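Undergrad: Have a look at the structure that comes next, please.
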Amino acid sequence: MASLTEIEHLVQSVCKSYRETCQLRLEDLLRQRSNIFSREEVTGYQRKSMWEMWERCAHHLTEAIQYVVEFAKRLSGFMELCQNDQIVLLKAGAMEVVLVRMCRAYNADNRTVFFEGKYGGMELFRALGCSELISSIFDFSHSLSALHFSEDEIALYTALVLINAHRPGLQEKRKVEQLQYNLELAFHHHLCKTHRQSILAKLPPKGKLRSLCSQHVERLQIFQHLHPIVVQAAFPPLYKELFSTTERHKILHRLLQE
Ligand SMILES: O=C(O)[C@H]1CC[C@H](C(=O)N2CC[C@](c3ccc(C(F)(C(F)(F)F)C(F)(F)F)cc3)(S(=O)(=O)c3ccc(F)cc3)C2)CC1
């Protein structure tokens with residue numbers, strides 16, 4: 001299995017799939033760095049209802065997920081996996097891929113993130129009532145900024161975040177293991193060739209991404225208790241499907257069968 005040329009073709013493939021499926025251009029995110037929210041605009045966001053902020057944030061997250069599904073569809077070997085495994089992998093990895101992709105929209109110089117047209121800090125998200133989660137997200141992006149990833153490095157790393165053979169519920173585990181192995185080789189080969197093997201030890205532990213997702217699900221269940229009809233009426237169906245709590249994932253299935 002997999003010669004050196006198959007691995008080199010894989011590297012170019014994963015990078016191509018990633019470039020093609022990014023919600024935003026890195027070039028445009030970097031140009032907008034100067035475009036920072038005014039204290040009036042900040043006050044505006046801070047004065048918005050909890051449920052309005054959640055609805056806006058669930059919408060922007062659903063947008064990002066949509067592109068991650070597209071990344072998975074274009075990812076070499078993913079469509080060869082059975083529909084159960086496709087759902088298992090996306091249900092668990094899509095948020096994690098979004099969280100990794102997020103660092104590109106994070107400015108480490110100040111401590112701002114690109115949100116709804118301009119750059120703003122933590123204070124922008126005060127109304128959500130989930131300060132701990134917001135702080136965890138900002139630190140996570142901050143720690144990734146330190147590694148100074150290239151677009152190819154994010155491409156190869158997110159491919160692995162998604163193709164994780166240890167996810168509970170995998171039917172054809174061995175099939176995911178061989179796809180994981182080849183993607184790990186592709187990442188490692190590109191790191192070797194570019195003299196960037198050093199970042200491997202510096203990468204965040206698998207426990208840090210797991211906690212962010214767990215926290216998100218925890219905070220969402222609190223919000224759903226206070227405003228359950230906001231969730232029923234104004235939350236994206238794909239968001240409810242992946243986080244509310246072929247079978248119970250009709251939207252994800254339709255997106256895959258396209
Ligand atoms: O594909 C790409 O090129 C990228 C993918 C990532 C995109 C991005 O930055 N994001 C996708 C939407 C973003 C996003 C991230 C996290 C969450 C939440 F967890 C919580 F709000 F709690 F943080 C929630 F669900 F609970 F509400 C919602 C939505 S956002 O722009 O709405 C944003 C929200 C909060 C931030 F603190 C920073 C940004 C982040 C930018 C474009």
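Lettering and numbering for the structure tokens are positional, with chains as A, B, ... in the shown order, residues counted from 1 in each chain, and ligands counted from 1 in the shown order.
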How would you report the residues lying within 7 Å of ligand 1, as a PyMOL selection string, if you count only C-alpha atoms and all ligand atoms?
TA: chain A and resi 21-25+54+56-58+60-61+64+67+98-99+101-102+105+113-116+122+125+130+133-134+137-138+216+220
Undergrad: Name the residues of region 8-228 of chain A that fall into alpha helix (DSSP H) according to DSSP on the backbone, using the chain letters and numbers of this document, as a ChimeraX atom specification.
TA: /A:8-20,26-31,39-47,50-74,83-101,131-146,151-162,173-194,199-202,206-226,228
Undergrad: Could you check which of A:93, A:168, A:44, A:236 is closest to residue 127 (chain A), using only C-alpha atoms?
TA: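 Once distances to residue 127 (chain A) are computed over only C-alpha atoms, the minimum belongs to A:44.
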Undergrad: Residues within 9 Å of region 94-96 of chain A, please, as a list in words. Count only C-alpha atoms; anything in the same chain fewer than 3 positions from it doesn't count.
TA: residues 61, 64, 65, 66, 68, 69, 72, 89, 90, 91, 99, 100, 101, 158, 161, 162, 209, 210, 212 and 213 of chain A
Undergrad: Produce a file of the selected residues containing C-alpha atoms, as a PDB file, in the first residue's frame.
TA:
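What follows is the written file out-v9.pdb:
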```pdb
ATOM      1  CA  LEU A  61     -21.210  28.172  13.011  1.00  0.00           C
ATOM      2  CA  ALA A  64     -18.669  27.150   8.690  1.00  0.00           C
ATOM      3  CA  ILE A  65     -19.847  23.516   9.163  1.00  0.00           C
ATOM      4  CA  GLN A  66     -21.397  23.543   5.678  1.00  0.00           C
ATOM      5  CA  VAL A  68     -16.329  21.486   6.432  1.00  0.00           C
ATOM      6  CA  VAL A  69     -18.906  18.955   4.985  1.00  0.00           C
ATOM      7  CA  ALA A  72     -14.950  16.043   3.768  1.00  0.00           C
ATOM      8  CA  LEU A  89     -16.795  11.224  11.600  1.00  0.00           C
ATOM      9  CA  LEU A  90     -18.594  14.504  10.690  1.00  0.00           C
ATOM     10  CA  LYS A  91     -20.895  14.476  13.793  1.00  0.00           C
ATOM     11  CA  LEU A  99     -12.235  25.436  15.762  1.00  0.00           C
ATOM     12  CA  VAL A 100      -8.893  24.755  13.984  1.00  0.00           C
ATOM     13  CA  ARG A 101      -9.947  26.831  10.843  1.00  0.00           C
ATOM     14  CA  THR A 158      -7.712  19.332   9.701  1.00  0.00           C
ATOM     15  CA  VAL A 161      -8.715  15.962  12.995  1.00  0.00           C
ATOM     16  CA  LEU A 162     -11.658  14.683  10.878  1.00  0.00           C
ATOM     17  CA  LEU A 209     -10.555  20.065  21.179  1.00  0.00           C
ATOM     18  CA  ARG A 210     -12.774  17.429  22.903  1.00  0.00           C
ATOM     19  CA  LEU A 212     -14.277  22.782  23.635  1.00  0.00           C
ATOM     20  CA  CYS A 213     -16.967  20.635  21.957  1.00  0.00           C
TER      21      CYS A 213
END
```
Undergrad: Neighbours of residue 170 (chain A) within 12 Å (only C-alpha atoms; same-chain residues fewer than 2 positions away dropped), as number ranges by chain?
TA: A: 81-92, 163-168, 172-177
Undergrad: For the strand (DSSP E or B) assignment from backbone DSSP, which residues of region 44-240 of chain A qualify? Please present them as JSON, numbers by chain.
TA: {"A": [106, 107, 112, 113, 114, 115, 118, 119, 120]}
Undergrad: List the spatial neighbours of residue 182 (chain A) as a list in words - criterion: any atom at most 10 Å away, only C-alpha atoms, same-chain residues fewer than 6 positions off excluded.
TA: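 After dropping sequence-adjacent residues, the list is residues 1, 2, 3, 6, 7, 10, 11, 77, 160 and 188 of chain A.
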Undergrad: Go ahead and compute the interatomic distance for CA of residue 136 (chain A) and CA of residue 38 (chain A), in Å to one decimal.
TA: 24.3 Å
Undergrad: Pick out the closest residue to residue 187 (chain A) from this set: A:8, A:27, A:258, A:40. Count only C-alpha atoms.
TA: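 Checking each of A:8, A:27, A:258, A:40 against residue 187 (chain A), counting only C-alpha atoms, the winner is A:8.
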Undergrad: Need to verify the contact set: residue 189 (chain A), 10 Å, only C-alpha atoms, exclusion of same-chain residues closer than 4 positions in sequence. Can you return it as a ChimeraX atom specification?
TA: /A:4,7-8,11,183-185,193-197
Undergrad: With C-alpha atoms retained, could you export that selection as a PDB file, in the first residue's frame?
TA:
```
ATOM      1  CA  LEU A   4       5.976   7.790  -2.040  1.00  0.00           C
ATOM      2  CA  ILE A   7       1.694  10.203  -0.601  1.00  0.00           C
ATOM      3  CA  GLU A   8       2.963  13.185  -2.597  1.00  0.00           C
ATOM      4  CA  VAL A  11      -0.533  16.103  -0.106  1.00  0.00           C
ATOM      5  CA  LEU A 183      -3.143  11.121   5.732  1.00  0.00           C
ATOM      6  CA  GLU A 184      -0.694  10.978   8.706  1.00  0.00           C
ATOM      7  CA  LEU A 185       2.100  10.023   6.192  1.00  0.00           C
ATOM      8  CA  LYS A 193      10.218  18.302   3.262  1.00  0.00           C
ATOM      9  CA  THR A 194       9.413  21.813   4.642  1.00  0.00           C
ATOM     10  CA  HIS A 195      11.614  21.363   7.812  1.00  0.00           C
ATOM     11  CA  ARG A 196       8.602  21.811  10.106  1.00  0.00           C
ATOM     12  CA  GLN A 197       8.617  18.468  12.043  1.00  0.00           C
TER      13      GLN A 197
END
```
Undergrad: Please, which residues in region 15-125 of chain A fall within 9 Å of region 227-230 of chain A when counting only C-alpha atoms, and what is the closest atom pair and distance in Å to one decimal for each, ordered by chain then residue number, as JSON lines?
TA:
```
{"residue": "A:51", "atom": "CA", "partner": "A:230", "partner_atom": "CA", "distance": 6.9}
{"residue": "A:52", "atom": "CA", "partner": "A:230", "partner_atom": "CA", "distance": 8.9}
{"residue": "A:55", "atom": "CA", "partner": "A:230", "partner_atom": "CA", "distance": 7.8}
```
Undergrad: Between CA of residue 35 (chain A) and CA of residue 123 (chain A), what is the distance in Å, rounded to a tenth?
TA: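 For CA of residue 35 (chain A) relative to CA of residue 123 (chain A), the distance reads 16.4 Å.
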Undergrad: How far is it from CA of residue 142 (chain A) to CA of residue 103 (chain A), in Å with one decimal?
TA: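 Computed distance, CA of residue 142 (chain A) to CA of residue 103 (chain A), equals 7.3 Å.
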Undergrad: Calculated over only C-alpha atoms, which of the candidates A:139, A:70, A:241, A:218 has the smallest distance to residue 257 (chain A)?
TA: A:70
